[PDB]
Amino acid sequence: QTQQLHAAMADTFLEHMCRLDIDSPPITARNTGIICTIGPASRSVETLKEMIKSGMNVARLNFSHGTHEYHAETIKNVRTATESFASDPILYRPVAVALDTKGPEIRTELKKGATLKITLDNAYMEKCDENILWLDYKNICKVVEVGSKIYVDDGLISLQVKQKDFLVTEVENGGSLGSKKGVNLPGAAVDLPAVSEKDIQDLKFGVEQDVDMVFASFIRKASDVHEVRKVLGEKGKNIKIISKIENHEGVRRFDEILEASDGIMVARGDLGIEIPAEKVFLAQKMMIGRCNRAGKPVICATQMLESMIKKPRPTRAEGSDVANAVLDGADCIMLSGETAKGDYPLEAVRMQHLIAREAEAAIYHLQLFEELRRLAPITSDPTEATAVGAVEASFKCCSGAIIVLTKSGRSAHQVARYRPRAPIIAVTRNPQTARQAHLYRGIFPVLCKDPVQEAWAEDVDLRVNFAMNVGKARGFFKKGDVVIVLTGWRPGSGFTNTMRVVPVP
């Protein structure tokens, strides 16, 4: 009757669909992380408080615009808002800070059929027109070929190369050209640096400001990830790198990118300029699938609730897009203009919360858990076996939660990859771990502030009890419900090995 448990019991996916029930209410817990882009509409300490109450887990700062002093003040406000709830550790919600890079860029009426010359000659830097268009990408001729397409201004204008310091092009799709418009080269192996000079300064500032994760723009190959990793350096070795896949080469070389990264963003805006817009859903489902197979976080981004920039309710296509991203297996969903500049930032966050929670209940865990196991390698790793054991146990007794003690987050990540229905309450004393855990579907991170007990086994038990208080206080479960608890046999990371089925006290 609740959380689509009738549908959960269907022996086929078709029958599962047939039983989905709008009058079967979901549980309180919402598993999918919500990433909110902060800007003029959401920047104030007072609005940030409401953003957190509405369900924001990660504050994204877009470094395509704004000064370091500007972003430093946004981060300060985020932390002011976040720590205003710190007095009660039971109810405190960690909030992560994400730095999203500008990344490499190419920058500059026009009738269809007309001929346009692209010039790299610096003489035309401030004198672009209907006949000659200057671009700042010096190696463009080396990466394009006759018949190559060139997009200008967020894909509005389309050119085709006819002759390859210059390129003779024919206007395929025409419109009003302007100053400093963005250029995309579909199918081209663009050889711009992994990080611009601006990016290097921005990433170092990210380390200064103690950010949790970096969303690295325009990642094309594993060596781009390694360059971002190198810039973050020893000091930033624990900041998660999320590679943004934005073009054809990124999609083609996705496997090597995933391996080198901590996670992925499906950057649908630019991806739908670089490849045909009708193919974007294929790229999204492929990347979410492969991330799910690897146990690495994946974010669905861009235009998910776009109309809510101007309207208090989303379109039906937007509601569908959010639900389907969750059903695809996205760990996180994202809001951009909707929260950064729109008239309804709080409504947009609340709607993502509501849809995600409904969608999580409609998941067909029977088949999903079955397939994840089948494709899960047999390894000698004790934590992996303990984690799969915990998820299986959680299904067998419909547990209220899986409670996991973790220093680095890894033990909770290993549970998350198996996609339990039960929320995963990850108890840590490491504040960064608490914040970074929002990247993983199902993890509800809690930061334990209690002193270390003198008997280590008592300290373990204290943290488990803290998780029990959190679940009760947040309405995930009640006294007498059964929960799964994951602990280790000695202190320090890498020793999670104990799964217990326990009553909520």
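Start at 1 with the first residue shown and count on from there.
- Annotation: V95 does not belong to the positions left without coordinates in a third of the other compared entries; each one with flanking residues models it.
- Among other deposited entries of this protein with both flanking residues present, none omit coordinates for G400; it is modelled throughout, well short of a third.
- In this entry, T108 is separated from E109 by 10 or more residues of the deposited sequence that have no coordinates.
- In this entry, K164 and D165 are separated by 1 to 3 residues of the deposited sequence that lack coordinates.
- Higher average CA B factor: 187 to 195, of the stretches 405 to 413 and 187 to 195.
- Stretches compared: 265 to 273, 318 to 326. Higher mean C-alpha B-factor in the entry: 265 to 273.
- Residue set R435, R419, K112, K244: peak C-alpha B-factor at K112 (per PDB entry).
- Reading the B-factor column for the CA atoms of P423, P431, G147, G389 in the entry, the top value corresponds to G147.
- Sort the modelled residues of the chain by CA B factor and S336 lands in the lowest third.
- Residue-level temperature factors show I299 in the lowest third of its chain, judged at the C-alpha atom.
- Looking at the C-alpha B-factors along this chain, the one for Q3 belongs to the highest third.
- In the PDB entry, a CA B factor belonging to the lowest third of its chain's modelled residues is recorded for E458.
- Split the chain's modelled residues into thirds by C-alpha temperature factor. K53 is in the middle one.
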